[PDB]
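Chain by chain, the residues:
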Amino acid sequence: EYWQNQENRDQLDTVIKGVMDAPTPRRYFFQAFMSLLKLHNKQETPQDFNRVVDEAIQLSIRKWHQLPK
Amino acid sequence: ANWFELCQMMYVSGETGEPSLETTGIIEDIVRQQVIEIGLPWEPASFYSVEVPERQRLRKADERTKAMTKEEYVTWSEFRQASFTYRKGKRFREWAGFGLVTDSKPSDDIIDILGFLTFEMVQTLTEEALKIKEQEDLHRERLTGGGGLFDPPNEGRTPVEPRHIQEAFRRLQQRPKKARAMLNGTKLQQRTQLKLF
Amino acid sequence: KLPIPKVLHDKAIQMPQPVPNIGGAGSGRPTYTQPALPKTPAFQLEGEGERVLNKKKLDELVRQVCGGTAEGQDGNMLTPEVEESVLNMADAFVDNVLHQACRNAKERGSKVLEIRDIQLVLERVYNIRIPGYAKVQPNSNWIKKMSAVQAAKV
C-alpha cells in the first residue's frame, strides 16, 4: 500500500534517483518498477518504459558475460 | 581564445618550453580581469586661466640577442609582433565585453593602448614566474640502462606551472606601506580595490 | 513478446565509465555480500609519503616568505611556540570561512556550495583574490532633495 500514495512515491523517487550514479541490476530493476508505476497513471509514454527495460537488459547481459564460462 | 598569442609572448620573454593549457587559461583570466577592471591637465601650466604657446632587463635582452642563431633570431623577430588587439578589434571587443560595461565603439587609440598594456602585463608575469620556478628547482635539487628507440636526447627543460603563476600574482598584488601608514597602532583590517599591475 | 528494436538508442550502447562506491554500507568489509566497471582506489608504490610532505610544508612556506636560507641550515625557522600559533591560525581560518560561506550560499535559495560564495567571502572579508576560476546610482528622490537644498543655499 505504501506505493499507492502520490506523495510517498514522490519521496521514494528522490531516493531512487539518488542511488543511480552507480547503476547495478537491482537498482535498475527498482527504476524500471518505478517507471511502470508512473506509466500506469498516464504520467509517461510506453517508449520511455521500453528504453528503461532495454538499458536494464543490456546491463544484465554485460554482467553475465564477466563470470566463468 | 588568444592561447597562441600567450604562447608567443611567453616565448619572447624567455619561456622556450611548451607550457600546458592551464597556464594559458590562468594568464588569460588574469589579463581579462585586469582589462575589465580598467601635456596633461594637471601640469604646472594649468595654474593659469589663459595658456601660451611654446618656443636588468636590458642586459638580459642584449645577452639573449647575442646568444641566438639566425633561425632563432627570425623566430624571435616574428613573435615580437604578437599582439592582443592588432587587426582583431571585433574579437577583442567581444572578449572584453565593451558593450556591457561602456558605450560601444571607442577610438582605436584606446585599443592600441590596451594592447600595449596587455603585452606589458604578460611580459612581467612571465619574467617573475621564471625566477620563482628557478628558485624552487634550485632548492629542490639540493635508473634505466641500455636504451630505447623514442628516448629524448637530453631533455632537462620544463615549462612553468600554475602554482608559480599564482605565487607571482600574489607577489604582484602587494601595495606600498604608504597606503597603510594611517593604520599604524590599530587593529583595523585593510581593504582596497584590485591593483592594476 | 518483447519489442526488440531494429536499432538501440544511445543510452544503452555506452562503453561504461568508472563508477564510485555509493550506498553508504561501507567498503572493504570481510563479510557476506555491483557495478560493471568500478573505479580503482588510490595507491603509491614508493616515495617520501604524505607524513613527511605535510610536515615539511610549513618549513617550505617559511623558506618561501623568508627570502631564502643559506647552505647548511634549514627547517628550524620558527621556535616551538610559534608553530602552534600558526597551526591554530590555519584551523580557525578554515572553520570560520567555511561556516560563513555555507550560510551565505543557502541564503540565495541554492542547494549546493559553489566556488562563488567562497570567493565572495574571501574578497569582502579578508582581501584575498585567487585567480583562474572564472555599480550603484541614486534615485529621483535624492536628486530632488539635493536640488531643493542647493536652491535654498543660494
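Residues numbered from 1 in each chain as written, not as in the entry; some residues may be left out. Chains lettered and ligands numbered in written order. Part of a larger assembly, values for the part shown. Heavy atoms only, no water.

For this deposition, the record names cryo-EM as the technique by which the model was determined and cites 3.2 Å as its resolution.

With that settled, consider the arrangement of the chains. There are 2 pairs of chains in contact here; the most contacts are made by chains A and C. The least C-alpha distance between chain A and chain B, which are not in contact, is 29 Å. (Contact = heavy atoms within 4.5 Å.)

Quick look at the interface of chain C and chain A now. On the chain A side, the residues contacting the 15 residues of chain C number 16 residues. Summed over both partners, the interface of chain C with chain A comes to about 1,200 Å²; 62% of that surface belongs to carbon and sulfur atoms. Our count for the chain C to chain A interface comes out at 0 salt bridges. At the boundary of chain C with chain A, the tally comes to 2 residue pairs in polar contact. For the side of chain C that touches chain A, the residue count by class is 11 nonpolar, 3 polar and 1 charged. (Buried area = accessible area lost by both parts, 1.4 Å probe. Salt bridge = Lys/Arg side-chain N within 4 Å of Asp/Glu carboxyl O. Polar contact = N/O pair within 3.5 Å; in protein donor to acceptor, adjacent residues only side chain to side chain. Nonpolar A, V, L, I, M, F, W, Y, C, P; charged D, E, K, R; others polar.)

Moving on to the pattern of salt bridges. Under the defined criterion, the tally for this structure stands at 13 salt bridges over all chains. As a salt-bridge pair, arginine 171 of chain B and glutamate 167 of chain B come within 3.8 Å of each other at their nearest N and O atoms. Note that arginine 171 of chain B and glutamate 167 of chain B are positioned in helix α8 (residues 162-172) at a spacing of 4 residues, about one turn of the helix. For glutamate 167 of chain B, a relative accessible area of 11% gives the class buried. A salt bridge links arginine 108 of chain C to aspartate 117 of chain C; the nearest nitrogen and oxygen atoms lie 3.2 Å apart. The buried category is assigned to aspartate 117 of chain C, whose relative accessible area is 4%. A single salt-bridge network, built from bridges that share partners, covers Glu128, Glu167, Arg170 and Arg171 of chain B. (Helix = DSSP H or I, 4+ residues; strand = E, 2+ residues; numbered from the N terminus. Buried < 20%, exposed > 50% of the residue type's maximum accessible area, 1.4 Å probe, protein only.)

Moving on, we come to the interface of chain B and chain C. How big an interface is tends to be reported as the loss of accessible area on association of its parts. Contact residues are listed per partner, giving 17 residues for chain B and 15 residues for chain C. Overall, the association of chain B and chain C removes approximately 1,200 Å² of surface from exposure, summing both partners, and the carbon and sulfur fraction of that is 45%. Here chain B is connected to chain C by 0 salt bridges. The interface formed by chain B and chain C includes 4 residue pairs in polar contact. Listed by contribution, the elements that provide at least two residues to the side of chain B that touches chain C are α2 (21-37), α7 (108-141) and α8 of chain B. Here the element with the most residues in the side of chain B that touches chain C is α8 of chain B; it accounts for 4 residues. Split into classes, the residues belonging to the side of chain B that touches chain C amount to 4 nonpolar, 8 polar and 5 charged.

We now examine helix α1 (residues 6-18) of chain A. Residues and elements named next belong to chain A. The end-to-end C-alpha distance of α1, which contains 13 residues, comes to 19 Å, matching closely the 18 Å that a straight helix rising 1.5 Å per residue would cover. For α1, the complete set of buried residues consists of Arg9, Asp13 and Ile16. Down the axis of α1, the buried set is contained in an arc of 65°. They therefore lie on one face. Exposed residues lying more than 90 degrees from the buried face of α1 are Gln11 and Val15. (Expected span 1.5 Å × (residues − 1). Arc of directions from axis to C-beta.)

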